[PDB]
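Notes for the one structure printed next.
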Amino acid sequence: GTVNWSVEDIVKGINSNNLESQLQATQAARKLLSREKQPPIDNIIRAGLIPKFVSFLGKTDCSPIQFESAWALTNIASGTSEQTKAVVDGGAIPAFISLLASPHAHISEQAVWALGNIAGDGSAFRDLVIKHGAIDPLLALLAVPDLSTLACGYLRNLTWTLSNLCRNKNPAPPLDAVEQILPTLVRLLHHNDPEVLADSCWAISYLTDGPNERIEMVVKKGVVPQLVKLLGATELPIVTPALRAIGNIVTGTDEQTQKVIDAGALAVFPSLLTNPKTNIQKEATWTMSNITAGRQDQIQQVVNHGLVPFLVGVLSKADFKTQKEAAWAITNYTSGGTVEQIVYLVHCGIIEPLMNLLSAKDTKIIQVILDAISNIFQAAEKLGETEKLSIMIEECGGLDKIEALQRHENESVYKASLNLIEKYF
Amino acid sequence: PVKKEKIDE
Amino acid sequence: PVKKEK
């Protein structure tokens, strides 16, 4: 009946002014937009249908047309920025926010979904959804004693939409909206559904991707322990956002970094730094770099947890981008560590893999590695062991490469190269 | 992702 | 000991 209609037929029905004919045509439109085979979004837009669908959202008397119009508008808003803009320009936002109060749960959910697509377009639409007052009605739908009594699909859609209201920078969401949402997010981060957890962690990852003040809002709510627990999960869709959030947090102050350490995070990194997913290894090594950039007592906790051999490991063999983060982690460690800590690092075998990476075709990593050699030499100078280190570097193929680098395009390279040679070789 | 189509129900 | 974001 409502399968495989032309746009011309949908228009004729929608312009009928028979509410039932309009309902059938709206359903036909929804079925068009629901096909995965290149749905005719732009034809629907050009036919002038969006305003019609929008006004159908307000027909309380006819709940099916409300739902069918909601779903159609959801799928248009799922497209390009320009397609999302057509929906917004049609007045959909306040109309979807009204539908959040629908007594029919399927209609409520569809409105949640639509607003999620709208907010997910970018900061401007996110903030427009917020200005139209979406947050209160959204949070009201989660105001139950136990999240478990709500339908699974519904809770997941709400969580996802909330995560899109936390998403995007330039600018980041309004501080007062973030404060309003955070308590609910903390509750969702303790729910037992893998998908609710993943999206909750993504939200937290977004909120922590900013200056120390943004991080502090999150860290102050006491979520770091739960993030660390989630970091230990089996499901990669949970670990990925949890790790991103933990990594963001350690870009903050040393006191913010300490919360992560105090919550037990470092005990998961043996797995993370050997994880079979490239991205987890990269992001875990990146996280380590910002912990090695901390205080000496923090560096010492890295040492105590047994993670220096893991850094040696990643430096020795990983995707290049991971090895680059490992180089940073080492340079940070050597920059901030005590003499004893730098000695330990050399005893764990850092010299050969550092030297192997000077063959890299990446000017940045060379500068990072050269910095690290310098800092290590500085620690040797304080021990009168510049000779032993010189020999080690010579014996694993290092001197050759540092020499060659005295004749390198980049200035810092050739400079730091010649300084090392002349002082130590 | 950022946006998601509803495909059936 | 310079922290760097992403």
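Protein chains in written order, with the authors' numbering: chain A, 72 to 496; chain C, 1 to 9; chain B, 1 to 6.
By construction, the Cβ of each residue, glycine as well, lies at the ideal position given by its N, Cα and C atoms.
Where does residue i fall in DSSP's three states?
i                     : result
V331 (chain A)        : helix
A214 (chain A)        : coil
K202 (chain A)        : helix
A222 (chain A)        : coil
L476 (chain A)        : helix
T255 (chain A)        : helix
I437 (chain A)        : helix
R315 (chain A)        : helix
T279 (chain A)        : helix
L236 (chain A)        : helix
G407 (chain A)        : helix
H175 (chain A)        : coil
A190 (chain A)        : helix
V295 (chain A)        : helix
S77 (chain A)         : coil
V2 (chain C)          : coil
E180 (chain A)        : helix
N375 (chain A)        : helix
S87 (chain A)         : coil
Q109 (chain A)        : coil
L454 (chain A)        : coil
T345 (chain A)        : coil
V417 (chain A)        : helix
residue 21 (chain A)  : A query on residue 21 (chain A) cannot be resolved here, the shown segment of chain A reaching from 72 to 496 and no further.
residue 540 (chain A) : As shown, chain A starts at 72 and ends at 496. That puts residue 540 (chain A) outside it, with no answer to give.
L425 (chain A)        : helix
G303 (chain A)        : coil
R366 (chain A)        : coil
Going by alpha carbons, who is nearest to residue i out of the options?
i                    : options                        : result
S219 (chain A)       : A:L259, A:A364, A:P244         : A:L259
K300 (chain A)       : A:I332, A:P282, A:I85          : A:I332
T322 (chain A)       : A:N346, A:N188, A:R285, A:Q251 : A:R285
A143 (chain A)       : A:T349, A:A185, A:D160         : A:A185
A243 (chain A)       : A:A431, A:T255, A:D198, A:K202 : A:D198
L94 (chain A)        : A:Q109, A:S234, A:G72, A:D113  : A:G72
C223 (chain A)       : A:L209, A:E250, A:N263, A:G204 : A:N263
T305 (chain A)       : A:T279, A:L343, A:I317, A:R315 : A:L343
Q297 (chain A)       : A:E287, A:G281, A:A316         : A:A316
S134 (chain A)       : A:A172, A:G119, A:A248, A:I473 : A:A172
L170 (chain A)       : A:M288, A:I437, A:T131         : A:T131
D247 (chain A)       : A:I206, A:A274, A:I440, A:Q371 : A:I206
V2 (chain B)         : A:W357, A:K353, A:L213         : A:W357
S387 (chain A)       : A:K108, A:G193, A:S430         : A:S430
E465 (chain A)       : A:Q372, A:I492, A:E480         : A:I492
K6 (chain C)         : A:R106, A:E91, A:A96           : A:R106
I121 (chain A)       : A:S92, A:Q154, A:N89, A:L90    : A:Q154
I444 (chain A)       : A:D433, A:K432, A:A475, A:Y495 : A:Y495
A269 (chain A)       : A:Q251, A:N241, A:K83, A:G303  : A:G303
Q137 (chain A)       : A:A398, A:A176, A:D80          : A:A176
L210 (chain A)       : A:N188, A:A195, A:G193, A:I168 : A:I168
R227 (chain A)       : A:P265, A:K240, A:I178         : A:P265
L441 (chain A)       : A:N490, A:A364, A:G129         : A:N490
residue 62 (chain A) : A:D325, A:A338, A:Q394         : Absent from the structure is residue 62 (chain A), since the part of chain A shown begins at 72 and ends at 496.
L382 (chain A)       : A:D368, A:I362, A:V290, A:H479 : A:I362
Of all Cβ atoms in chain C, is any one closer than 7 angstroms to the Cβ of residue i?
i              : result
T145 (chain A) : yes
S179 (chain A) : no
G335 (chain A) : no
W76 (chain A)  : no
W273 (chain A) : no
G72 (chain A)  : no
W142 (chain A) : yes
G469 (chain A) : no
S173 (chain A) : no
Would residue i count as contacting chain B if we go by Cβ distances under 7 angstroms?
i                    : result
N239 (chain A)       : no
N403 (chain A)       : yes
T131 (chain A)       : no
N346 (chain A)       : no
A222 (chain A)       : no
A316 (chain A)       : no
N283 (chain A)       : no
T324 (chain A)       : no
residue 26 (chain A) : This structure does not reach residue 26 (chain A), given that chain A is present from 72 up to 496, and the question cannot be answered.
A364 (chain A)       : yes
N361 (chain A)       : yes
If we define contact as Cβ-Cβ less than 7 angstroms, is residue i a contact residue for chain F?
i              : result
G407 (chain A) : In summary, chain F is missing from the structure at hand, where the protein chains are A, C and B.
Please go through the segment 116-148 of chain A and give each complete alpha helix (DSSP H) segment of 4 or more residues, from N-terminal end onward.
If we require 4 residues or more, the alpha helix (DSSP H) runs fully inside the segment 116-148 of chain A come out as 121-127, 134-148.
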